[PDB]
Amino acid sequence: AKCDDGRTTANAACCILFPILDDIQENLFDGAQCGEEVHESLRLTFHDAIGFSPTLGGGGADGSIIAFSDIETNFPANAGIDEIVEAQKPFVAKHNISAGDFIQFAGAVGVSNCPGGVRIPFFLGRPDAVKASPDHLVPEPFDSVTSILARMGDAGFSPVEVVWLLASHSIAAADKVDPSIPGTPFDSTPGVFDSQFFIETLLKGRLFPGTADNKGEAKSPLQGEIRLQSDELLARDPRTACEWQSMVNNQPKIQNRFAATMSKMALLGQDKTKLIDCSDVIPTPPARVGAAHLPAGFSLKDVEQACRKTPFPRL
């Protein structure tokens, strides 16, 4: 199909997305930055989608977190999500697009702003949400690996897919884990979609960036970085450690697996064959990304060698 843009897109329905793209790049993502709103919008994709269980219910990637915001944003596991929910509502209202579609579109567009980022497939056509998600479907940072793998598994994800999806924490920060230091990132490069998150979570902890004893928080290797207990544990657990290590310095794998698994996540509760492929609207991300490295001052002795099959690579 040809849009009024002049642009050719695979399916005519997708032409509606171009005005949406322009508006959100300016007015949601603050001049097309890989900044706070991108990070928040990416988190929203997960908090919407993961509300899906074959037995426990939930409609998955259905916009429920927006449509039923008073219910869902008050779930303890959704702490801090209301800000982005309320920021997205005026865009949904004016752009003739379901909340579920908008959440996934915004997430994909936002990731595309990040150097090193990847294009996530995007499908148009999710109906309006039917029902609120049940509570207790969103993993929390104080949950055990067993719990997280069971919940993610219930939703449809294998342990390696959980690791792949956590590449998201390469462009991510926390506001509520330690409320004394809002905006503290999970890696040294929160504006770059890269492997630093996988490296830095394997360093041996030295300090807390704010206060000690916050629920769900682990010791960090670096001032200005916060570490989740869940990420600390996933990096080290026999079920996930070797996959975690396999990401370090494998940018192409991080990109490829994140895109594929995000697409799967974006389609929970949905049927791709009933939706319209509009992937070609998502921009190409900036390609420049540097080599993976240990932070300044650190050496191999500072790396926890959790994977037993393979040593941590020379960077």
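Residue indices: 1-based, along the sequence shown.
Open item on the list: Tell me which stretch, 108-116 or 142-150, has the higher mean Cα B-factor listed in the entry.
Closed with: The stretch with the larger average C-alpha B-factor is 142-150.
TODO: Report the stretch with the higher mean CA temperature factor, choosing between 212-220 and 167-175 on the basis of the entry.
DONE: Mean B over CA atoms: larger for 212-220.
Task: Per the PDB entry, maximal CA B factor within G191, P185, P121, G80 - done: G80 has the highest C-alpha B-factor of those listed.
- [ ] Select one of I66, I254, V289, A49: the residue whose C-alpha shows the highest B-factor in the crystal structure entry.
- [x] Comparing C-alpha B-factors across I66, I254, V289, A49, the maximum falls on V289.
Task: Chain-relative CA temperature factor third for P76 - done: Highest third.
TODO: Tell me, lowest, middle or highest third: where does the Cα B factor of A235 rank within its chain?
DONE: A235: CA B-factor falls in the middle third of its chain.
Task: Chain third (lowest, middle, highest) by recorded CA B-factor, residue given as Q33 - done: Middle third of the chain for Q33's C-alpha B-factor.
Task: Chain third (lowest, middle, highest) by recorded CA B-factor, residue given as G59 - done: Middle third.
Task: Chain thirds of CA B-factor: placement of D101 - done: For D101, whose C-alpha B-factor we compare with every modelled residue in the chain, the answer is the lowest third.
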